[PDB]
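Before any questions on binding or motion, here is one chain by itself as structure tokens, the form solved without the partner chain.
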């Protein structure tokens, strides 16, 4: 939970550039599915500590980033490798499904 960076429009670009592998959760307090999958991510940031950074962008509070990265709706997860977008998972999902998506995109 406190392993999860909260990005702002302002902070975004620097952060993703700044650490190798990072997973961003585009979310909002009104989006139920985003609320739903949030504790999954909590666990992921623990379970993947040291291999993968996990971050949230609240879009109500950071209106500009989503269009910038072609986020058409939430939830939507972005995996960046080396400061660049690598894979993208749209819609709600189970830990299992998320874990696969992660594994199948690291090494």
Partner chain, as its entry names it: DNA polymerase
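Positions refer to the first chain, counted from 1.
The form deposited with the partner chain bound is left out here; the points below concern that form.
Tell me, yes or no, whether residue 52 is in contact with the partner chain in the entry with it bound, where a contact means a heavy atom of each within 4.5 Å.
Residue-level check for residue 52: no, no contact with the partner chain.
Should residue 22 be counted as a contact of the partner chain in the entry with it bound, where contact means heavy atoms within 4.5 Å?
No.
Might residue 74 be said to contact the partner chain in the entry with it bound, defining contact as any heavy atom within 4.5 Å?
Although the partner chain is absent here, residue 74 would touch it in the entry with it bound, with heavy atoms inside 4.5 Å.
Is there a heavy atom of residue 8 lying 4.5 Å or less from a heavy atom of the partner chain in the entry with it bound?
No, no contact at 4.5 Å.
The partner chain in the entry with it bound - contacting residues of 84-104, heavy atom within 4.5 Å
Sequence-ordered list: 88, 89, 90, 91, 92, 93, 97, 100, 101, 104.
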